[PDB]
(Lines of atoms letter the chains of each structure in order from A and count residues from 1; the text may use other names and numbers.)
(Lines give C-alpha, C1' and ligand atoms only; values in the text may rest on other atoms or scores of the structure.)
Protein backbone atom coordinates (compact mmCIF):
# COMPACT_ATOMS: atom_id res chain seq x y z
CA UNK A 1 0.00 0.00 0.00
CA UNK A 2 1.42 3.36 -1.11
CA UNK A 3 1.60 6.87 -2.54
CA UNK A 4 1.07 7.37 -5.51
CA UNK A 5 -1.29 4.44 -5.33
CA UNK A 6 -4.21 5.49 -3.13
CA UNK A 7 -3.99 8.82 -4.95
CA UNK A 8 -7.45 10.31 -5.63
CA UNK A 9 -8.71 13.80 -6.60
CA UNK A 10 -12.23 15.27 -6.52
CA UNK A 11 -13.93 18.59 -7.37
CA UNK A 12 -16.13 20.07 -4.62
CA UNK A 13 -18.91 22.66 -4.43
CA UNK A 14 -19.99 23.90 -0.95
CA UNK A 15 -20.71 27.37 0.60
CA UNK A 16 -18.52 29.90 -1.27
CA UNK A 17 -16.99 27.05 -3.24
CA UNK A 18 -16.99 26.99 -7.03
CA UNK A 19 -15.25 24.04 -8.72
CA UNK A 20 -12.31 23.44 -6.36
CA UNK A 21 -10.27 20.19 -6.47
CA UNK A 22 -9.05 18.24 -3.41
CA UNK A 23 -6.43 15.49 -3.60
CA UNK A 24 -6.62 12.79 -0.91
CA UNK A 25 -5.46 9.24 -0.34
CA UNK A 26 -8.07 6.48 0.21
CA UNK A 27 -8.41 2.78 0.99
CA UNK A 28 -10.61 0.04 2.36
CA UNK A 29 -14.28 -0.42 2.93
CA UNK A 30 -16.35 0.38 5.92
CA UNK A 31 -17.43 3.07 8.29
CA UNK A 32 -15.73 6.24 7.17
CA UNK A 33 -12.77 7.79 8.95
CA UNK A 34 -11.41 11.06 7.54
CA UNK A 35 -7.96 12.17 8.71
CA UNK A 36 -7.25 16.00 8.76
CA UNK A 37 -3.54 17.03 8.67
CA UNK A 38 -1.64 19.81 10.53
CA UNK A 39 -1.09 23.45 9.44
CA UNK A 40 2.63 23.63 8.55
CA UNK A 41 4.91 23.81 5.51
CA UNK A 42 4.27 20.92 3.19
CA UNK A 43 1.75 19.00 5.37
CA UNK A 44 -0.67 16.58 3.70
CA UNK A 45 -3.01 13.71 4.51
CA UNK A 46 -0.32 11.16 3.54
CA UNK A 47 2.77 12.64 5.28
CA UNK A 48 0.72 13.12 8.50
CA UNK A 49 -1.10 9.82 8.64
CA UNK A 50 1.06 7.47 6.60
CA UNK A 51 1.81 5.35 9.69
CA UNK A 52 -1.87 4.99 10.56
CA UNK A 53 -3.67 4.42 7.26
CA UNK A 54 -2.67 0.72 7.01
CA UNK A 55 -3.54 -0.37 10.57
CA UNK A 56 -6.86 1.48 10.45
CA UNK A 57 -7.66 -0.33 7.18
CA UNK A 58 -6.37 -3.75 8.41
CA UNK A 59 -9.12 -3.17 10.92
CA UNK A 60 -12.16 -2.89 8.67
CA UNK A 61 -12.04 0.84 7.91
CA UNK A 62 -12.55 3.10 4.87
CA UNK A 63 -9.81 5.64 5.36
CA UNK A 64 -9.33 8.97 3.58
CA UNK A 65 -6.25 11.11 4.29
CA UNK A 66 -7.63 14.55 3.28
CA UNK A 67 -5.62 17.39 1.64
CA UNK A 68 -7.29 20.37 3.05
CA UNK A 69 -7.50 23.40 0.72
CA UNK A 70 -4.25 25.20 -0.08
CA UNK A 71 -2.14 22.21 0.77
CA UNK A 72 -0.07 19.51 -0.95
CA UNK A 73 -1.78 18.30 -4.15
CA UNK A 74 -4.89 20.32 -3.66
CA UNK A 75 -5.92 23.68 -5.09
CA UNK A 76 -4.43 26.89 -3.75
CA UNK A 77 -6.53 29.43 -1.88
CA UNK A 78 -6.34 32.56 0.25
CA UNK A 79 -8.75 32.85 3.16
CA UNK A 80 -10.29 35.88 4.91
CA UNK A 81 -11.82 33.75 7.76
CA UNK A 82 -10.12 31.17 10.16
CA UNK A 83 -8.91 28.07 8.30
CA UNK A 84 -10.94 25.99 10.77
CA UNK A 85 -14.29 27.22 9.38
CA UNK A 86 -13.28 27.34 5.70
CA UNK A 87 -11.46 23.92 5.97
CA UNK A 88 -14.47 22.17 7.36
CA UNK A 89 -16.83 23.73 4.81
CA UNK A 90 -14.42 21.91 2.53
CA UNK A 91 -15.04 18.72 4.40
CA UNK A 92 -18.83 18.91 4.32
CA UNK A 93 -17.99 19.28 0.63
CA UNK A 94 -15.71 16.25 -0.04
CA UNK A 95 -18.29 14.20 1.75
CA UNK A 96 -21.26 15.29 -0.39
CA UNK A 97 -19.27 14.74 -3.63
CA UNK A 98 -18.05 11.25 -2.64
CA UNK A 99 -21.64 10.93 -1.34
CA UNK A 100 -20.93 10.09 2.29
CA UNK A 101 -23.55 10.34 5.04
CA UNK A 102 -21.41 10.40 8.15
CA UNK A 103 -17.71 10.30 8.95
CA UNK A 104 -15.41 9.63 11.77
CA UNK A 105 -12.97 12.57 12.08
CA UNK A 106 -9.32 12.41 13.20
CA UNK A 107 -7.85 15.91 13.25
CA UNK A 108 -4.23 16.83 13.98
CA UNK A 109 -3.58 20.48 15.03
CA UNK A 110 -5.08 22.53 12.18
CA UNK A 111 -6.86 19.30 11.41
CA UNK A 112 -8.14 19.32 14.94
CA UNK A 113 -9.25 22.89 14.48
CA UNK A 114 -11.17 21.76 11.38
CA UNK A 115 -12.58 18.64 12.97
CA UNK A 116 -14.03 20.71 15.71
CA UNK A 117 -15.46 23.33 13.37
CA UNK A 118 -17.15 20.52 11.38
CA UNK A 119 -18.73 19.25 14.58
CA UNK A 120 -20.00 22.69 15.36
CA UNK A 121 -21.59 23.44 11.98
CA UNK A 122 -22.38 19.95 10.69
CA UNK A 123 -23.48 18.22 13.97
CA UNK A 124 -25.43 15.55 12.10
CA UNK A 125 -22.67 14.75 9.60
CA UNK A 126 -20.07 13.51 12.07
CA UNK A 127 -19.58 10.14 13.82
CA UNK A 128 -16.96 10.19 16.57
CA UNK A 129 -14.56 13.15 17.19
CA UNK A 130 -10.83 12.32 17.60
CA UNK A 131 -8.68 15.42 18.44
CA UNK A 132 -4.94 15.20 18.29
CA UNK A 133 -3.03 18.23 19.68
CA UNK A 134 -5.56 20.46 17.87
CA UNK A 135 -4.83 24.09 17.05
CA UNK A 136 -6.46 27.49 17.63
CA UNK A 137 -7.87 27.29 21.15
CA UNK A 138 -6.78 30.57 22.71
CA UNK A 139 -3.89 31.20 25.04
CA UNK A 140 -2.30 28.61 27.34
CA UNK A 141 -2.47 29.15 31.07
CA UNK A 142 1.19 28.14 31.31
CA UNK A 143 2.99 28.27 27.91
CA UNK A 144 4.29 31.59 26.54
CA UNK A 145 2.92 31.96 22.97
CA UNK A 146 3.82 31.86 20.10
CA UNK A 147 5.15 28.54 21.14
CA UNK A 148 8.52 27.42 19.89
CA UNK A 149 7.07 25.31 17.06
CA UNK A 150 4.61 28.00 15.92
CA UNK A 151 7.67 30.37 15.70
CA UNK A 152 9.53 27.73 13.76
CA UNK A 153 6.48 27.16 11.55
CA UNK A 154 6.14 30.78 10.54
CA UNK A 155 9.88 30.91 10.09
CA UNK A 156 9.59 28.09 7.65
CA UNK A 157 6.53 29.61 5.83
CA UNK A 158 8.32 32.99 5.31
CA UNK A 159 11.81 31.67 4.37
CA UNK A 160 11.54 28.02 3.34
CA UNK A 161 14.74 25.99 3.38
CA UNK A 162 15.80 22.39 3.97
CA UNK A 163 17.98 23.40 6.90
CA UNK A 164 15.07 25.16 8.53
CA UNK A 165 12.79 22.25 7.83
CA UNK A 166 14.89 19.75 9.71
CA UNK A 167 15.25 22.31 12.51
CA UNK A 168 11.45 22.25 12.59
CA UNK A 169 10.82 18.52 12.53
CA UNK A 170 13.32 17.94 15.29
CA UNK A 171 11.34 20.27 17.48
CA UNK A 172 8.29 18.24 16.38
CA UNK A 173 9.52 14.88 17.80
CA UNK A 174 10.45 14.04 21.40
CA UNK A 175 13.14 11.70 20.16
CA UNK A 176 14.55 13.43 17.14
CA UNK A 177 16.87 10.64 15.86
CA UNK A 178 13.59 8.99 14.78
CA UNK A 179 13.50 11.35 11.88
CA UNK A 180 13.56 9.28 8.64
CA UNK A 181 14.19 10.18 5.00
CA UNK A 182 10.62 9.21 3.90
CA UNK A 183 9.28 11.84 6.34
CA UNK A 184 11.93 14.55 5.62
CA UNK A 185 11.81 14.33 1.81
CA UNK A 186 8.03 14.02 1.50
CA UNK A 187 7.61 17.43 3.17
CA UNK A 188 10.62 18.94 1.44
CA UNK A 189 8.68 18.32 -1.83
CA UNK A 190 5.18 19.61 -1.09
CA UNK A 191 7.28 22.61 -0.25
CA UNK A 192 9.23 22.68 -3.52
CA UNK A 193 6.25 21.74 -5.67
CA UNK A 194 3.70 24.05 -4.05
CA UNK A 195 5.46 27.41 -3.34
CA UNK A 196 2.20 29.21 -3.98
CA UNK A 197 0.98 27.51 -0.77
CA UNK A 198 3.66 29.05 1.53
CA UNK A 199 2.86 32.53 0.24
CA UNK A 200 -0.97 32.02 0.44
CA UNK A 201 -0.90 30.64 4.00
CA UNK A 202 0.82 33.79 5.38
CA UNK A 203 -1.58 36.11 3.60
CA UNK A 204 -4.41 34.10 5.16
CA UNK A 205 -2.82 34.49 8.60
CA UNK A 206 -2.65 38.17 7.67
CA UNK A 207 -6.42 38.22 7.17
CA UNK A 208 -7.00 35.64 9.97
CA UNK A 209 -4.68 36.06 12.96
CA UNK A 210 -4.47 32.55 14.47
CA UNK A 211 -6.24 34.06 17.47
CA UNK A 212 -9.30 34.12 15.29
CA UNK A 213 -9.52 30.30 15.47
CA UNK A 214 -10.72 30.21 19.07
CA UNK A 215 -13.79 27.91 19.32
CA UNK A 216 -13.85 27.94 23.11
CA UNK A 217 -17.03 29.80 24.05
CA UNK A 218 -18.87 27.48 21.68
CA UNK A 219 -17.38 24.17 22.93
CA UNK A 220 -20.44 23.58 25.13
CA UNK A 221 -22.27 22.85 21.90
CA UNK A 222 -20.40 19.72 20.72
CA UNK A 223 -22.58 16.62 20.89
CA UNK A 224 -20.13 14.26 19.30
CA UNK A 225 -18.12 11.75 21.34
CA UNK A 226 -14.51 12.99 21.61
CA UNK A 227 -11.13 11.47 22.26
CA UNK A 228 -8.48 14.11 23.01
CA UNK A 229 -4.93 12.92 22.56
CA UNK A 230 -1.63 14.86 23.19
CA UNK A 231 2.05 14.17 23.39
CA UNK A 232 3.42 15.11 26.85
CA UNK A 233 6.17 16.97 25.07
CA UNK A 234 4.20 19.10 22.56
CA UNK A 235 6.33 22.14 21.73
CA UNK A 236 3.76 23.37 19.23
CA UNK A 237 0.32 23.34 20.96
CA UNK A 238 -0.05 23.39 24.66
CA UNK A 239 -0.80 20.44 26.75
CA UNK A 240 -3.06 22.32 29.13
CA UNK A 241 -5.43 22.59 26.16
CA UNK A 242 -6.38 18.88 26.36
CA UNK A 243 -7.72 19.93 29.72
CA UNK A 244 -9.52 22.88 28.20
CA UNK A 245 -11.13 20.35 25.82
CA UNK A 246 -11.70 17.80 28.54
CA UNK A 247 -13.70 20.24 30.69
CA UNK A 248 -15.80 21.76 27.90
CA UNK A 249 -16.85 18.83 25.64
CA UNK A 250 -19.82 17.02 27.05
CA UNK A 251 -18.41 13.57 26.22
CA UNK A 252 -14.63 13.58 26.22
CA UNK A 253 -11.71 11.51 27.39
CA UNK A 254 -8.11 12.61 27.54
CA UNK A 255 -5.06 10.51 26.74
CA UNK A 256 -1.44 11.76 26.89
CA UNK A 257 1.51 9.84 25.56
CA UNK A 258 4.88 10.41 27.22
CA UNK A 259 8.10 10.93 25.35
CA UNK A 260 6.13 12.10 22.43
CA UNK A 261 6.28 15.43 20.52
CA UNK A 262 3.37 17.14 18.75
CA UNK A 263 2.64 14.13 16.45
CA UNK A 264 1.34 11.36 18.69
CA UNK A 265 0.06 9.51 15.47
CA UNK A 266 3.46 9.28 13.88
CA UNK A 267 5.78 9.14 16.93
CA UNK A 268 3.48 6.86 18.97
CA UNK A 269 1.92 5.21 15.98
CA UNK A 270 1.32 1.73 17.52
CA UNK A 271 -0.44 2.93 20.72
CA UNK A 272 -2.19 5.63 18.77
CA UNK A 273 -3.58 3.20 16.19
CA UNK A 274 -4.63 0.85 19.02
CA UNK A 275 -6.16 3.52 21.24
CA UNK A 276 -8.19 5.07 18.39
CA UNK A 277 -9.34 1.97 16.53
CA UNK A 278 -10.38 0.66 19.96
CA UNK A 279 -12.21 4.00 20.79
CA UNK A 280 -13.80 3.80 17.35
CA UNK A 281 -14.74 0.15 17.79
CA UNK A 282 -16.19 0.40 21.36
CA UNK A 283 -16.65 3.83 22.96
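Numbering follows the first chain given and starts at 1.
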| property | result |
| --- | --- |
| Entry-level comparison of average CA B-factors, 5-13 and 266-274, reporting the higher stretch | 5-13 |
| Average Cα temperature factor in the PDB entry - higher stretch of 242-250, 40-48 | 40-48 |
| Options 34, 59, 228, 217 - largest CA temperature factor per the record | 34 |
| From 117, 211, 170, 204, residue of greatest CA B-factor | 211 |
| Third assignment of residue 122 from its chain's C-alpha B-factors | lowest |
| Third assignment of residue 162 from its chain's C-alpha B-factors | highest |
| Cα B factor band for residue 26 (lowest, middle or highest third within the chain) | highest |
| CA B-factor ranking of residue 103, expressed as a third of its chain | middle |
| Third of the chain's Cα B-factor distribution that residue 91 belongs to, per the entry | highest |
